[PDB]
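To find a chain, count down the sequence lines: A is the first, B the second, and so on, and within it residues start at 1. These values consider heavy atoms only, across backbone and side chains, with no hydrogens, waters or symmetry-generated copies.
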There are 2 protein chains.
Amino acid sequence: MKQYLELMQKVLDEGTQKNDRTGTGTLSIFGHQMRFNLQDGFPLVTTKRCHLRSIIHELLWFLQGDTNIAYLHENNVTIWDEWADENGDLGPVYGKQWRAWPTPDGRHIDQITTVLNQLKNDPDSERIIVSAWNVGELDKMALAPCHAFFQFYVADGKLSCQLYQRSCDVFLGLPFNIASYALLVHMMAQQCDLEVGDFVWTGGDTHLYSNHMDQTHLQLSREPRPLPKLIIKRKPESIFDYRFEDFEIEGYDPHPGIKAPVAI
Amino acid sequence: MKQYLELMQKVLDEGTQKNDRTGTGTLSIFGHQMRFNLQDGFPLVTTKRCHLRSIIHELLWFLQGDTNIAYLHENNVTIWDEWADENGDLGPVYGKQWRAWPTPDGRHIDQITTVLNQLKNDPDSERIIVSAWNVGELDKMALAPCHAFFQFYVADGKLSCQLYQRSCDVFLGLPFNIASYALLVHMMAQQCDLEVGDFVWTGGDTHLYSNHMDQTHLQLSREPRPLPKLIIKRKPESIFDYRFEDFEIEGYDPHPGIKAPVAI
């Protein structure tokens, strides 16, 4: 996608040499923002092939407030395995905060529903926010939220959304995060009878790994293909009743996939 | 400041007509980002006169974890009065979360100190974050955090910081928020023996009030003056030992102030 390749280039161009926690070197820039008009098309990167499958399951999984990888395993989705404990437990990660942020006073707050209420009964609110940064549980999480914070905005029957992503691997993860949230907004909107607006992506520490250079050049040499079109084949009674099959992407003709090993 | 006037213009140019909670109309855009190189100079808007005084006290006040306006009153600072209850109580706002975010398990987390530790013993971290968005206490706050979330970043002995501001009044508040955080980073940095990097400002719902149009045009017609220079006249033993007098701004020659009444 144009915006993506631009980021790629910029980090190549301005990234400074930081080392990641593993010791693997990065090329990082701090602070970036990019907008995607959802009506323009579904932002799935085409300059390299990407697989929605595991993206969809994960989203559905977050929405259930599940933190164990059982559901993912049932569908043979293993992106969380690397982190899970002996029982498939990840700790109070995403799903948990989204749906049951715990209060000191004994409550479990469901921010997803809160948000839905706001969108329906107060679209003009400046606080339609969902946060996964629960300071008290950080220590129990397998990993701290990367996309830790998001806000919705309504204007002219168009729902928009800004995500704050504190840490980013431009090559491996970005693409996936973009599609994931864009998917969320489509569902959200369907459920509120609003048309999709923009998806704004904001990053903190945005980087490329030193061992992803060729693949970067390689990808940087390709030309973006037209964006595909997401189709929701059905309208559930709630945001929690979506099924893997309600989604279907049409018009996606990406260039070949590109593998990027990682260190350990 | 150049970046500021640009924002101003843009909202004039692209803001769509949203109504605020009071019913006062706004011109709003969603999602904006702007960077200020702190070495370039202290970002206090010059195209209109601004008073640091109350900005400094407030910052010092947040750092103490105080939520009552007594300290502010001692110094005749009344920007919080509009919100305070019969006793000067604001609820678990900013100061409280920064210094004593409460856990469900009975702890009070001091994110300011946590952050300082990270900056000193792990500058490469991608999670040097402070959040004031405590979902559980939102309901007890006089108002929900506007600048709800910030992240620090270290690279080449330069500390940088990104603030996520969910809601913004470009005219009245922005200027003040910019100086406030920039001040924070200077102190933070002094305390860590780092040089100041950038201050990145990210907004969600960014707006101008309909009754601030003339003043906007008025301000938009001025030409930015050179940025002043902040001077910290001393180095305390801690981030909590700063005094109102340690600060001094030099070289500030702003154009005349501009008043902007507000509705109720």
When every non-hydrogen atom of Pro102(A) is compared with those of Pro104(B), the smallest separation belongs to O-CG, 4.1 Å

Highest number of heavy-atom pairs under 4.5 Å with chain B among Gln17(A), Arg35(A), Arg107(A) belongs to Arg35(A)

Between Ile129(B), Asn134(B), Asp122(B), the one whose heavy-atom pairs under 4.5 Å with chain A are most numerous = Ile129(B)

Are any non-hydrogen side-chain atoms of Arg166(A) and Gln162(B) less than 4.5 angstrom apart?
-> no

Start with the C-alpha gap between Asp124(B) and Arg21(A), add the side-chain angles, then the distance that decides, and say whether side chain to side chain contact (heavy atoms under 4.5 Å, CB included) holds.
-> CA-CA 8 Å; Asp124(B) 281 347; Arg21(A) 118 200 77 120; over 6 Å; no

For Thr16(B), is it the side chain, the backbone, both or neither that has a heavy atom under 4.5 Å from a heavy atom of chain A?
-> side chain

Any side-chain heavy atom of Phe30(B) sitting closer than 4.5 Å to one from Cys161(A)?
-> no

Heavy-atom side-chain proximity of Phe149(B) to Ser131(A) below 4.5 angstrom | no

Non-hydrogen atoms of chain A under 4.5 Å away: do they reach the side chain of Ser125(B), the backbone, both or neither?
-> backbone

Pick from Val200(A), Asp20(A), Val154(A) with the largest number of heavy-atom pairs that fall under 4.5 Å of chain B = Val154(A)

Answer with side chain, backbone, both or neither: which region of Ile29(B) has an atom nearer than 4.5 Å to a non-hydrogen atom of chain A?
-> backbone

Where does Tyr164(B) contact chain A at under 4.5 Å (heavy atoms): side chain, backbone, both or neither?
-> side chain

Where on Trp101(B) is there a heavy atom nearer than 4.5 Å to chain A: the side chain, the backbone, both, or neither?
-> side chain

Give a yes or no on whether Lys120(B) atom NZ has more than 12 heavy-atom contacts from other residues, nucleotides or ligands under 6.0 Å away.
-> no

With the side chain counted from C-beta on, respond yes when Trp133(B) and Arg127(A) share a heavy-atom pair under 4.5 Å apart, and no when they do not.
-> yes

Heavy-atom neighbours of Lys140(B) NZ exceed 12 at 6.0 Å | yes

Return yes when atom NZ of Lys10(A) has more than 12 non-hydrogen atoms of other residues, nucleotides or ligands closer than 6.0 Å, and no otherwise.
-> yes

Honestly, the part of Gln111(B) sitting under 4.5 Å from a heavy atom of chain A is side chain

Cut-off 4.5 Å, heavy atoms of chain B, and the answer for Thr202(A) is side chain

Heavy-atom pairs under 4.5 Å with chain A, option from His207(B), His32(B), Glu137(B) with the top count = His32(B)

Out of curiosity, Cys146(B) SG to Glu126(A) CD, how far, rounded to the nearest 0.5 Å?
-> 8.0 Å

Of the backbone (N, CA, C, O) and the side chain (C-beta and beyond), which part of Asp105(B) lies under 4.5 Å from a heavy atom of chain A, both, or neither?
-> neither

Interface moiety of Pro145(B) toward chain A, non-hydrogen atoms closer than 4.5 Å | neither

